[PDB]
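Worksheet: the structure to be examined is printed underneath.
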Amino acid sequence: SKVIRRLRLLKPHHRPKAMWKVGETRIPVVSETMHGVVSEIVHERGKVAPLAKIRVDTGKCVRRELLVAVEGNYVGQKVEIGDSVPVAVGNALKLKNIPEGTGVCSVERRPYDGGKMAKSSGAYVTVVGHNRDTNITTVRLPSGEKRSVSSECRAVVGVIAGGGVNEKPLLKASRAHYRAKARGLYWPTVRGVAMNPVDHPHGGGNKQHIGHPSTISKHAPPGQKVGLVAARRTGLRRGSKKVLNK
Amino acid sequence: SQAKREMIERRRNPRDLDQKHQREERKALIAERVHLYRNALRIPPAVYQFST
Amino acid sequence: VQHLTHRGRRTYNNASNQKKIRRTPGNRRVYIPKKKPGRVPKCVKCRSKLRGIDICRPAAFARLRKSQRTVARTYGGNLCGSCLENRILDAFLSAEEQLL
Amino acid sequence: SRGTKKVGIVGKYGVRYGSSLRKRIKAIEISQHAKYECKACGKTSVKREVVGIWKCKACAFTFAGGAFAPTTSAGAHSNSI
RNA sequence: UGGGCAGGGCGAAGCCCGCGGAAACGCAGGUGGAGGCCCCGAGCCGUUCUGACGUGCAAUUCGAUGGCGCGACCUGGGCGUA
RNA sequence: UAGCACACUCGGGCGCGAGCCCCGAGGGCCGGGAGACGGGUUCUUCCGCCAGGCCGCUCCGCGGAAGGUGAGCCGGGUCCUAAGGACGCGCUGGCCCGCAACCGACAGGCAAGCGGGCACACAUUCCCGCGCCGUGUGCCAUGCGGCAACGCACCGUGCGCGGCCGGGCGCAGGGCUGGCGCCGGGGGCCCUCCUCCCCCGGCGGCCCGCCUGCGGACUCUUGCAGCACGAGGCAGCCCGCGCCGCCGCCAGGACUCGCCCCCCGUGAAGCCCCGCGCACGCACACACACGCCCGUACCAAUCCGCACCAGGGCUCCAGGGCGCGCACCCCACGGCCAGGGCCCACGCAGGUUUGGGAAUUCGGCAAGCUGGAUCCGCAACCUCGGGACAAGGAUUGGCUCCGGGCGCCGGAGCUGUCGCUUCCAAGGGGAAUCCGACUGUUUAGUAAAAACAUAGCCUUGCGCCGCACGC
RNA sequence: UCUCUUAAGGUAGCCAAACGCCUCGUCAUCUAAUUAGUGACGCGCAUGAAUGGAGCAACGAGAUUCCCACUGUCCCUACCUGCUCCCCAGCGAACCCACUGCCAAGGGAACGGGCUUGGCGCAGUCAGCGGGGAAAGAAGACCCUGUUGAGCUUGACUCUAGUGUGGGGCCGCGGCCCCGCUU
RNA sequence: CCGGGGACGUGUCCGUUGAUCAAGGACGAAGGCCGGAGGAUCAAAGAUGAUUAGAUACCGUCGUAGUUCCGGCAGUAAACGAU
Ligand SMILES: [Mg+2]
Ligand SMILES: [Mg+2]
Ligand SMILES: [Mg+2]
Ligand SMILES: [Mg+2]
Ligand SMILES: [Mg+2]
Ligand SMILES: [Mg+2]
Ligand SMILES: [Mg+2]
Ligand SMILES: [Mg+2]
Ligand SMILES: [Mg+2]
Ligand SMILES: [Mg+2]
Ligand SMILES: [Mg+2]
Ligand SMILES: [Mg+2]
Ligand SMILES: [Mg+2]
Ligand SMILES: [Mg+2]
Ligand SMILES: [Mg+2]
Ligand SMILES: [Mg+2]
Ligand SMILES: [Mg+2]
Ligand SMILES: [Mg+2]
Ligand SMILES: [Mg+2]
Ligand SMILES: [Mg+2]
Ligand SMILES: [Mg+2]
Ligand SMILES: [Mg+2]
Ligand SMILES: [Mg+2]
Ligand SMILES: [Mg+2]
Ligand SMILES: [Mg+2]
Ligand SMILES: [Mg+2]
Ligand SMILES: [Mg+2]
Ligand SMILES: [Mg+2]
Ligand SMILES: [Mg+2]
Ligand SMILES: [Mg+2]
Ligand SMILES: [Mg+2]
Ligand SMILES: [Mg+2]
Ligand SMILES: [Mg+2]
Ligand SMILES: [Mg+2]
Ligand SMILES: [Mg+2]
Ligand SMILES: [Mg+2]
Ligand SMILES: [Mg+2]
Ligand SMILES: [Mg+2]
Ligand SMILES: [Mg+2]
Ligand SMILES: [Mg+2]
Ligand SMILES: [Mg+2]
Ligand SMILES: [Mg+2]
Ligand SMILES: [Mg+2]
Ligand SMILES: [Mg+2]
Ligand SMILES: [Mg+2]
Ligand SMILES: [Mg+2]
Ligand SMILES: [Mg+2]
Ligand SMILES: [Mg+2]
Ligand SMILES: [Zn+2]
Ligand SMILES: [Zn+2]
């Protein structure tokens, strides 16, 4: 049969274009505390979360840094990017100097990585605790995953601006159309059950049905990994996270 | 990418200096990375007797 | 009426192919190339219109005299007077309390 | 001359999309289109410019906020500390 | 990266005034001009006639009828995917 | 034989030869004129034809001989980047991939040319007039006014920091276009009537709007509103639109500023350039000199469909009337018109058919009815938004007036063989069921659908991702 | 109420439905008359819950029935117009083609233009026409056969990319398989 | 922290401003509903183990909605002092 569309979208000519990206949004790696001014809060194509253009002026040069905008950023805000700066909203500092229970965002995964986690709209990471021996901070990710990360990792205080975008329903197909055209998603999505067998494992005959269990193994071949790819369970949840995970 | 260009600068990896004009820069870097590795290994008495 | 032709030129409706009608002496009208509208100078801070500076195309702007392209005070075609005065007050007052 | 008794701003959507979907988006379209008070100049002139960016049209004070409100509950809590 | 797309109709918020109200607010008249709203022009398409044609004008066209017609559109060029 | 021109007609001409070539007249018809791609000499002149053109030809996109394409300003290159490519090197057994010089736009960014003449044809290229832009040489000054908004010394180089963009209803302006009135040329027509018909006619002040000064609280807009972070007013300033000084009045208009609206869409980049900041050191004016390569004719029968094919093919420009209307229809501009005779049957296309009215038929297929506008009236149902132009009714011309808030609206009277959206244009409606929620999409060439898509709802994986409101 | 049996025995709903074989189910309505339509009924061959059930506001060139109005759809046709046809000048093909006077019956490979026995017609022309030539199109697409395929599927056979696992190789130091370290 | 309340005390003020109510408005336990978050216990439904003549119940175990919070709907109680 032909190559399914899942494998066929993995080819690198289907990725979003690089010219839509305003710039890489990394927390600056600084020796001393860096004082910046939020120069502009800009929009990026596809990204609902806005970006914060941070202009840093020294004696020598002007550095132009880029961060994802925090809810409460404003143009002209003095931001401080350092190791032990104040823990106001908009600053970026190492997690050891961040008190527990404060929602941070653009958290680095490795130290001086530039910020990886909680980068899209409304996301934040709750700093749960500090292991001051072994230099380890346990943090709560927006998926609910409790993640260990080293206290040398930086993070920006606050939640990601761009708020509750999931609350608004797309009423029309056009609003899904222009959304996916901006983000570069593959849309509209034909159900594989509506396809022919040459197109899809769900591609069937005479009645639109799957025909075999749609829970596939995680060791499956690519081309078989279609539907629910490592499903621990299925069906409607109806329970707490505790009752379903175990 | 600017972070990666800083990343290949922090590590001093001679395999990053892959262009032709970087050749004399690369073999200077190879000479010092060999020298740090040569003396961090346990030099056997057959080689180390020439250090005396 | 005498119909208009782009007289051997491209007929597309781009910003750089705008035409304007001239009445030629024979009660004949033609298209002549209407140039691009010149950009208005704006304050770099507050982005209001800056007065004093001429509004022309960036090439025709450069052909003007140096007095027509700017205002005589400092941060002349960059800042308006209200943004400049604020910038003077900000650098002064930050310096004064820095001493205390 | 009210025009509509119950739907208000979602009368633009007509009879389409379902009553509960029109009822759900009504609170957000009131929220994302409203003018808000600028906390830098005092005037009720803050309008959304794009999702996540709210700008006062009087004193040009622009700030990064929520998607369809200037403030979210998670965003308010981090700033109140 | 450029370009193209009559004229009407309905009248969403908001606003103004009048009337009513103890209040909350409610009616009414304007205003405003929203919407993958309505009829439709150029144009596009291809519902029906199972029309014409069916060694054709044409290796899919023609006519009437019909649908769409600021879009989830159409389009020139460049580019990508074999 | 099938088939092939059958809105033209009359006179004249050249000519061996004329339905078709030319000229004049009459009658009609519809596009025509500029660019791209594509063609490549088809262009234009002279000569021809007994060949080609679905007939004929004296004609021709044909045959023969010639002629023609002139640029600092038009387009491209000598410029810049876009998406993207990449022949080098790394990684290789080879790719992929990494870096990526270089490249990538004849519609992006983007120095500067218009009016006319000439001409067989070609010229925004030649010519004439008036300009403009850039480059290269020379030749240096070393600053001021205004409280302010700012005004100016026609000056340079380097660095740093900055500096451009969407769509839409409306308001206002508006390249221009039309109409009317009045005046003015120029040309043609008229039994009566008719003033018929055709053509032509920088600079200063003010106004916006921002800002400034005085001053201190009001003030709009068609519209939300604005305003002590300074209202109106007055006096200025700035820079544009606009109007007067060196034919009026009315209407339409491509386009455009700003408000406002729309977006889970936020609407390029780079060079050039400009501004300021900080430095350097000097050349704008003026004068003189100079300005490369390529393209440049023509193509509603010149292209692609084997063809002068009823097909297809990017872009620009429509005057008058009617009317809501760049709808239809008529006219103008500009351009056109490709056998003869007879009409039997059966056709194709179009009218009309008394009485009946779906009895026809698988089925109201096809045809017909309704149709614009104004006024009135409008149900069940409903997601309260709709249904809805529901259903249904009345009216509609011409003329002469009257009134108004006067592009229009209302009323009255008179009038015609009762007739008036008089042509054109232009919904048939109701009661229900099934399915799909809707707008949308699809089998180019037998299926447009109930299929697909959709939003919504849900499940799954993922914290080595574009970073969980994510993919 | 009893009993057998299953993983569980179809719940809420809905229905001769685009899903009901019987079947034109039965009853009502619609009609003069209805295998249609609608409303009911449900021991439903074989309805049924995101393989989504029920649900129709709005929408639809979707599928269907009734009513009003309308009409050449029909009773049942007629007339008119243009173009064709027809006739001509000039120009001028193709399909097809074993050979071809026409019937009746018979025989025959069981449906003849030719054979047999009868019946007829023949100046070979013009125009209509569609009975026949089992007319022309096209080495039947149905069906079967082929030890001829291809598309596609999976509990076919034999393999295989991918995912995953074990062991080994991948020349480093330290300390107690574990923990440090970096080179 | 912000807000409220009644009683008392008083040569403080006002001076009849009041009482009760169709209409109207606001609040309104539990359960329920909508959107979002969360989910330990308990627990409708459901599932079982028993009891029983039967047991769709009482008992045991498990378990979803729910119980919880936020925004709203709803607007009911043996909302009883049946006043
Ligand atoms: Mg299919
Ligand atoms: Mg498959
Ligand atoms: Mg299937
Ligand atoms: Mg299905
Ligand atoms: Mg399978
Ligand atoms: Mg030319
Ligand atoms: Mg000036
Ligand atoms: Mg529409
Ligand atoms: Mg329509
Ligand atoms: Mg199509
Ligand atoms: Mg003939
Ligand atoms: Mg003709
Ligand atoms: Mg032309
Ligand atoms: Mg010629
Ligand atoms: Mg000849
Ligand atoms: Mg080469
Ligand atoms: Mg160009
Ligand atoms: Mg010249
Ligand atoms: Mg010419
Ligand atoms: Mg003022
Ligand atoms: Mg007109
Ligand atoms: Mg009749
Ligand atoms: Mg019938
Ligand atoms: Mg019958
Ligand atoms: Mg019948
Ligand atoms: Mg019909
Ligand atoms: Mg009506
Ligand atoms: Mg109805
Ligand atoms: Mg549909
Ligand atoms: Mg088809
Ligand atoms: Mg649903
Ligand atoms: Mg049942
Ligand atoms: Mg029946
Ligand atoms: Mg019937
Ligand atoms: Mg289920
Ligand atoms: Mg089913
Ligand atoms: Mg549709
Ligand atoms: Mg003949
Ligand atoms: Mg016989
Ligand atoms: Mg015989
Ligand atoms: Mg014959
Ligand atoms: Mg026959
Ligand atoms: Mg065969
Ligand atoms: Mg065999
Ligand atoms: Mg409650
Ligand atoms: Mg509750
Ligand atoms: Mg809930
Ligand atoms: Mg329990
Ligand atoms: Zn300013
Ligand atoms: Zn403000």
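Order determines the names: the first chain of the structure tokens is A, the second B, and so forth; residues in each chain are numbered 1 upward, and ligands are numbered 1 upward as they are shown.
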request  = Would you give me, as a PyMOL selection string, the residues of chain E that come within 12 Å of chain C, using only C-alpha atoms (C1' of nucleotides)?
outcome  = chain E and resi 1-4+76
Take the residues that were just selected and, keeping N, CA, C and O atoms (P, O5', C5', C4', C3', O3' and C1' of nucleotides), output them as a PDB file, in the first residue's frame.
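Now in again.pdb:
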```
ATOM      1  P     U E   1       6.161  37.115   1.291  1.00  0.00           P
ATOM      2  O5'   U E   1       6.167  37.665  -0.191  1.00  0.00           O
ATOM      3  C5'   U E   1       7.299  38.318  -0.727  1.00  0.00           C
ATOM      4  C4'   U E   1       7.098  38.574  -2.186  1.00  0.00           C
ATOM      5  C3'   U E   1       5.887  39.412  -2.520  1.00  0.00           C
ATOM      6  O3'   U E   1       6.132  40.793  -2.384  1.00  0.00           O
ATOM      7  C1'   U E   1       5.940  37.511  -3.911  1.00  0.00           C
ATOM      8  P     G E   2       4.927  41.801  -2.095  1.00  0.00           P
ATOM      9  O5'   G E   2       4.286  42.038  -3.520  1.00  0.00           O
ATOM     10  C5'   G E   2       2.920  41.781  -3.768  1.00  0.00           C
ATOM     11  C4'   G E   2       2.664  41.701  -5.245  1.00  0.00           C
ATOM     12  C3'   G E   2       1.229  41.880  -5.681  1.00  0.00           C
ATOM     13  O3'   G E   2       0.815  43.228  -5.718  1.00  0.00           O
ATOM     14  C1'   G E   2       2.095  39.993  -6.733  1.00  0.00           C
ATOM     15  P     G E   3      -0.608  43.640  -5.114  1.00  0.00           P
ATOM     16  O5'   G E   3      -1.647  43.100  -6.178  1.00  0.00           O
ATOM     17  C5'   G E   3      -1.614  43.563  -7.512  1.00  0.00           C
ATOM     18  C4'   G E   3      -2.359  42.639  -8.431  1.00  0.00           C
ATOM     19  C3'   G E   3      -3.852  42.564  -8.224  1.00  0.00           C
ATOM     20  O3'   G E   3      -4.549  43.646  -8.789  1.00  0.00           O
ATOM     21  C1'   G E   3      -2.999  40.398  -8.454  1.00  0.00           C
ATOM     22  P     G E   4      -5.856  44.195  -8.063  1.00  0.00           P
ATOM     23  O5'   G E   4      -6.984  43.175  -8.491  1.00  0.00           O
ATOM     24  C5'   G E   4      -7.274  42.934  -9.854  1.00  0.00           C
ATOM     25  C4'   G E   4      -8.261  41.812 -10.005  1.00  0.00           C
ATOM     26  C3'   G E   4      -9.532  41.952  -9.200  1.00  0.00           C
ATOM     27  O3'   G E   4     -10.471  42.806  -9.814  1.00  0.00           O
ATOM     28  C1'   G E   4      -8.679  39.786  -8.925  1.00  0.00           C
ATOM     29  P     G E  76      -2.553  30.739 -12.472  1.00  0.00           P
ATOM     30  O5'   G E  76      -1.510  31.894 -12.731  1.00  0.00           O
ATOM     31  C5'   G E  76      -1.567  32.635 -13.931  1.00  0.00           C
ATOM     32  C4'   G E  76      -0.512  33.697 -13.945  1.00  0.00           C
ATOM     33  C3'   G E  76       0.880  33.229 -13.608  1.00  0.00           C
ATOM     34  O3'   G E  76       1.533  32.582 -14.679  1.00  0.00           O
ATOM     35  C1'   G E  76       0.410  35.169 -12.398  1.00  0.00           C
TER      36        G E  76
END
```
request  = List all protein, DNA and RNA residues that have any atom at most 10 Å from ligand 11, counting only C-alpha atoms (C1' of nucleotides) and all ligand atoms, and write the list as an MDAnalysis selection string.
outcome  = (chainID F and resid 1:4) or (chainID G and resid 92)
Could you write those residues out with C-alpha atoms (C1' of nucleotides), as a PDB file, in the first residue's frame?
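Saved as result_9.pdb:
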```pdb
ATOM      1  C1'   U F   1     -22.294  11.520 -51.281  1.00  0.00           C
ATOM      2  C1'   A F   2     -21.704  13.327 -45.964  1.00  0.00           C
ATOM      3  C1'   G F   3     -20.056  17.967 -45.503  1.00  0.00           C
ATOM      4  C1'   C F   4     -18.138  23.487 -46.446  1.00  0.00           C
TER       5        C F   4
ATOM      6  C1'   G G  92     -15.272  17.657 -51.313  1.00  0.00           C
TER       7        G G  92
END
```
message = Please determine, counting only C-alpha atoms, which residue among A:178, A:47, A:146, A:75 has the shortest atom-to-atom distance to chain C.
response = A:75
message = With only C-alpha atoms (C1' of nucleotides) as the counted atoms, please give the residues lying no more than 8 Å from residue A:50, apart from itself and same-chain residues fewer than 4 positions off, as a list in words.
response = residues 41, 42, 43, 44, 68, 69, 161 and 162 of chain A; 51, 52, 53 and 64 of chain D
query = Which polymer residues have any atom within 12 Å of an atom of residue E:68, counting only C-alpha atoms (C1' of nucleotides), with same-chain residues fewer than 6 positions away left out, as a PyMOL selection string?
reply = (chain E and resi 40+43-46) or (chain F and resi 439-440) or (chain G and resi 61)
message = Can you pull out every residue with an atom within 9 Å of ligand 34? Use only C-alpha atoms (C1' of nucleotides) and all ligand atoms and format it as a list in words.
response = residues 31, 34, 36, 37, 65 and 66 of chain G
Give me the chain G side of the contact with chain A, cut-off 12 Å, one line per residue showing its nearest atom pair and distance in Å at one decimal, counting only C-alpha atoms (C1' of nucleotides), sorted by chain and residue number, as CSV.
```
residue,atom,partner,partner_atom,distance
G:50,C1',A:235,CA,10.2
G:51,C1',A:209,CA,6.0
G:151,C1',A:1,CA,9.1
G:152,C1',A:197,CA,7.1
G:153,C1',A:197,CA,8.6
G:154,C1',A:212,CA,10.9
G:161,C1',A:221,CA,8.7
G:162,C1',A:221,CA,4.9
G:163,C1',A:219,CA,4.3
G:164,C1',A:219,CA,6.7
```
For atom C1' of residue F:328 and atom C1' of residue F:424, the interatomic separation in Å (one decimal) =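 Distance reported for this atom pair: 5.8 Å.
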task = Please identify every residue of chain F that has at least one atom no more than 10 Å from any atom of chain B, counting only C-alpha atoms (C1' of nucleotides), and report them as a list in words.
result =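 On the chain F side, the interface is residues 88, 89, 90, 91, 98, 99 and 100 of chain F.
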ask   = Which is closer to chain E than all the others in D:30, D:81, D:21, D:76, using only C-alpha atoms (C1' of nucleotides)?
value = D:30
request  = Grab me every residue within 9 Å of ligand 1, counting only C-alpha atoms (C1' of nucleotides) and all ligand atoms, and send it over as a ChimeraX atom specification.
outcome  = /A:193-196,203-206,208 /F:451-452
inquiry  = Could you go through chain D and tell me which residues DSSP, when run on the backbone, assigns to alpha helix (DSSP H), listing them as a list in words?
reply    =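 Here is the list: residues 19, 20, 21, 22, 23, 24, 25, 26, 27, 28, 29, 30, 31, 32, 33, 73, 74, 75, 76, 77, 78, 79 and 80 of chain D.
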ask   = What is the atom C1' of residue F:211-atom CA of residue C:61 distance in Å, reported with one decimal?
value = 22.2 Å
Can I get the residues of chain G within 12 Å of ligand 36, each with the closest pair of atoms and their distance in Å to one decimal, using only C-alpha atoms (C1' of nucleotides) and all ligand atoms, sorted chain first then ascending number, as a tab-separated table?
```
residue	atom	partner	partner_atom_place_in_ligand_line	distance
G:19	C1'	ligand 36	1 (Mg)	8.2
G:46	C1'	ligand 36	1 (Mg)	11.2
G:47	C1'	ligand 36	1 (Mg)	7.7
G:48	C1'	ligand 36	1 (Mg)	7.2
G:49	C1'	ligand 36	1 (Mg)	9.1
G:51	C1'	ligand 36	1 (Mg)	7.1
G:52	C1'	ligand 36	1 (Mg)	8.4
G:53	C1'	ligand 36	1 (Mg)	9.1
```
So that I can check the surroundings of stretch 412-415 of chain F, please list as a PDB file with N, CA and C atoms (P, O5', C5', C4', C3', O3' and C1' of nucleotides), in the first residue's frame every protein, DNA and RNA residue that reaches within 8 Å of it, counting only C-alpha atoms (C1' of nucleotides) and ignoring chain neighbours fewer than 4 positions away.
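Output file result-v9.pdb is given in full below:
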```pdb
ATOM      1  P     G F 398     -44.949  57.643 -16.067  1.00  0.00           P
ATOM      2  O5'   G F 398     -45.843  58.463 -17.083  1.00  0.00           O
ATOM      3  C5'   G F 398     -45.573  58.438 -18.471  1.00  0.00           C
ATOM      4  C4'   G F 398     -46.643  59.166 -19.229  1.00  0.00           C
ATOM      5  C3'   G F 398     -46.836  60.613 -18.842  1.00  0.00           C
ATOM      6  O3'   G F 398     -45.900  61.479 -19.437  1.00  0.00           O
ATOM      7  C1'   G F 398     -48.916  59.560 -18.882  1.00  0.00           C
ATOM      8  P     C F 399     -45.215  62.599 -18.535  1.00  0.00           P
ATOM      9  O5'   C F 399     -46.331  63.710 -18.413  1.00  0.00           O
ATOM     10  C5'   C F 399     -46.874  64.310 -19.569  1.00  0.00           C
ATOM     11  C4'   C F 399     -48.180  64.970 -19.255  1.00  0.00           C
ATOM     12  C3'   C F 399     -48.130  66.112 -18.270  1.00  0.00           C
ATOM     13  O3'   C F 399     -47.721  67.313 -18.882  1.00  0.00           O
ATOM     14  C1'   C F 399     -49.948  64.691 -17.755  1.00  0.00           C
ATOM     15  P     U F 400     -46.838  68.359 -18.065  1.00  0.00           P
ATOM     16  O5'   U F 400     -47.881  69.068 -17.108  1.00  0.00           O
ATOM     17  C5'   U F 400     -48.991  69.766 -17.633  1.00  0.00           C
ATOM     18  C4'   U F 400     -49.940  70.147 -16.534  1.00  0.00           C
ATOM     19  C3'   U F 400     -49.302  70.763 -15.317  1.00  0.00           C
ATOM     20  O3'   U F 400     -48.940  72.110 -15.508  1.00  0.00           O
ATOM     21  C1'   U F 400     -50.904  69.182 -14.643  1.00  0.00           C
ATOM     22  P     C F 401     -47.780  72.740 -14.611  1.00  0.00           P
ATOM     23  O5'   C F 401     -48.533  73.173 -13.284  1.00  0.00           O
ATOM     24  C5'   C F 401     -48.059  72.769 -12.016  1.00  0.00           C
ATOM     25  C4'   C F 401     -49.189  72.585 -11.046  1.00  0.00           C
ATOM     26  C3'   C F 401     -48.819  72.722  -9.587  1.00  0.00           C
ATOM     27  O3'   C F 401     -48.739  74.066  -9.164  1.00  0.00           O
ATOM     28  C1'   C F 401     -50.104  70.773  -9.880  1.00  0.00           C
ATOM     29  P     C F 402     -47.552  74.522  -8.195  1.00  0.00           P
ATOM     30  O5'   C F 402     -48.026  74.002  -6.772  1.00  0.00           O
ATOM     31  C5'   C F 402     -49.268  74.417  -6.239  1.00  0.00           C
ATOM     32  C4'   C F 402     -49.662  73.570  -5.064  1.00  0.00           C
ATOM     33  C3'   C F 402     -48.594  73.374  -4.011  1.00  0.00           C
ATOM     34  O3'   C F 402     -48.391  74.486  -3.167  1.00  0.00           O
ATOM     35  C1'   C F 402     -49.576  71.300  -4.488  1.00  0.00           C
TER      36        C F 402
END
```
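Of the residues in stretch 15-49 of chain D, those given strand (DSSP E or B) by DSSP on the backbone are residues 36, 37, 44, 45, 46, 47, 48 and 49 of chain D.
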Write out, as an mmCIF file, in the first residue's frame, the residues just selected, with N, CA and C atoms.
```cif
data_model
loop_
_atom_site.group_PDB
_atom_site.id
_atom_site.type_symbol
_atom_site.label_atom_id
_atom_site.label_comp_id
_atom_site.auth_asym_id
_atom_site.auth_seq_id
_atom_site.Cartn_x
_atom_site.Cartn_y
_atom_site.Cartn_z
ATOM 1 N N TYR D 36 -10.748 48.387 28.593
ATOM 2 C CA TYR D 36 -10.391 48.225 29.987
ATOM 3 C C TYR D 36 -9.631 49.453 30.448
ATOM 4 N N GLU D 37 -9.612 49.652 31.756
ATOM 5 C CA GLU D 37 -8.928 50.793 32.332
ATOM 6 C C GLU D 37 -7.425 50.580 32.290
ATOM 7 N N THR D 44 -10.149 54.344 30.471
ATOM 8 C CA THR D 44 -10.702 53.112 29.925
ATOM 9 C C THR D 44 -10.453 53.089 28.422
ATOM 10 N N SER D 45 -9.231 52.721 28.071
ATOM 11 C CA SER D 45 -8.833 52.722 26.675
ATOM 12 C C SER D 45 -7.940 51.546 26.313
ATOM 13 N N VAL D 46 -7.856 50.517 27.145
ATOM 14 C CA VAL D 46 -7.053 49.343 26.824
ATOM 15 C C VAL D 46 -7.867 48.434 25.921
ATOM 16 N N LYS D 47 -7.346 48.168 24.736
ATOM 17 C CA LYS D 47 -7.968 47.268 23.782
ATOM 18 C C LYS D 47 -6.969 46.189 23.413
ATOM 19 N N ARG D 48 -7.473 45.008 23.098
ATOM 20 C CA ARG D 48 -6.624 43.928 22.633
ATOM 21 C C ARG D 48 -6.138 44.235 21.230
ATOM 22 N N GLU D 49 -4.881 43.905 20.951
ATOM 23 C CA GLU D 49 -4.320 44.138 19.629
ATOM 24 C C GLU D 49 -4.117 42.839 18.876
#
```
